[PDB]
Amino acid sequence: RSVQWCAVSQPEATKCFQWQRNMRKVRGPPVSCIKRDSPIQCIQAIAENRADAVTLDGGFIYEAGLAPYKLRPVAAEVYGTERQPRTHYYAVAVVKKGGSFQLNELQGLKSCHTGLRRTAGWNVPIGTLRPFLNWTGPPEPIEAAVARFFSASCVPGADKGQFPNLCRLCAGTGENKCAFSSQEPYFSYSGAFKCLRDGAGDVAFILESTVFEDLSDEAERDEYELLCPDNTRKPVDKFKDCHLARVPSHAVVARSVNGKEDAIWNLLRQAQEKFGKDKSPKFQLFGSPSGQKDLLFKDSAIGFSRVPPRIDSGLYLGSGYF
């Protein structure tokens, strides 16, 4: 019994226990906490029944759905507002106003990515850029090809030893440099945007709402614009007409057989009502301590939408496009 959530880092484990204590306080459905060190570790933990659920970006929903795991998305994060909810988001290329280079002229420049194999920060951009890379295909690691494309980048999760260029721009100190966690200041959407804001990189591959949410002074928004796939640059609020892709939101996955979908959904439904957007001041299901990035759920998520039965990873991801 009891849904067992899987954390991919200590800070997430910490938030999970806080979530747990609060659910108990308000006498709602209980949630147990399992701690691991990476998305792939949680995926297998769930596959071998040592955990029941974990929230994942599209790139990992894909890996989770492959054998021998065969995990399936059961609940999707919702973004936007209560009036205008959305179960999707747009991958965009944000740059500083003032430059003239376009999406097809990134050769030799500096890049900031959310993390290795994440949708908006890697899969879409490196996919959209293939024609400009000199990748000889397997057995060559796509990483080598991009590491020789961008003069330097910050790609959290990349092997600092094999492709140092992919990690050179990362701000983490010591072994934290290039970590696929909050240990790395440039990790995830907000981190990649910071990598651009700080001037470490010339472009950041993130989603459409980051600039608007991360700038405490709206006047600073005037310093940014986007790179459109038609080789032109447009305002940040014109993302609908200027994005590299529109993809389905991150999602909670579970076993496709005896995955406890009903229980997981009941937990999320109740957790959303009590600790969701603007609910309890004691705990926010969608929020992370200072410097922490998207613990357990995206910091920008506002709720959940249940995924109808018999929809595997492939079908769920099929909603996305370049």
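Residue numbers run from 1 along the displayed sequence.
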Q) Of 66-74 and 32-40, which one has the bigger average CA B-factor? A) 66-74
(Q) Mean CA temperature factor from the deposited coordinates, higher in 131-139 or in 247-255? (A) 131-139
Q: Please work out which residue in 202, 184, 237, 220 has the highest C-alpha B-factor recorded for this crystal structure.
A: 237
Q. Looking at 83, 194, 110, 113, which has the highest CA B-factor as recorded?
A. 83
Q) Sorting the chain's CA B-factors, does residue 89 end up in the lowest, middle or highest third? A) middle
Q. Based on the entry's values, in what third of the chain does the Cα temperature factor of residue 289 lie: lowest, middle or highest?
A. highest
(Q) Quick check on the deposited entry: does the C-alpha B-factor of residue 298 sit in the lowest, middle or highest third of its chain? (A) middle
Q) If you rank every modelled residue in this chain by C-alpha B factor, which third holds residue 150: lowest, middle or highest? A) middle
(Q) Using only modelled residues of the chain, where does the Cα B factor of residue 101 rank: lowest third, middle third or highest third? (A) middle
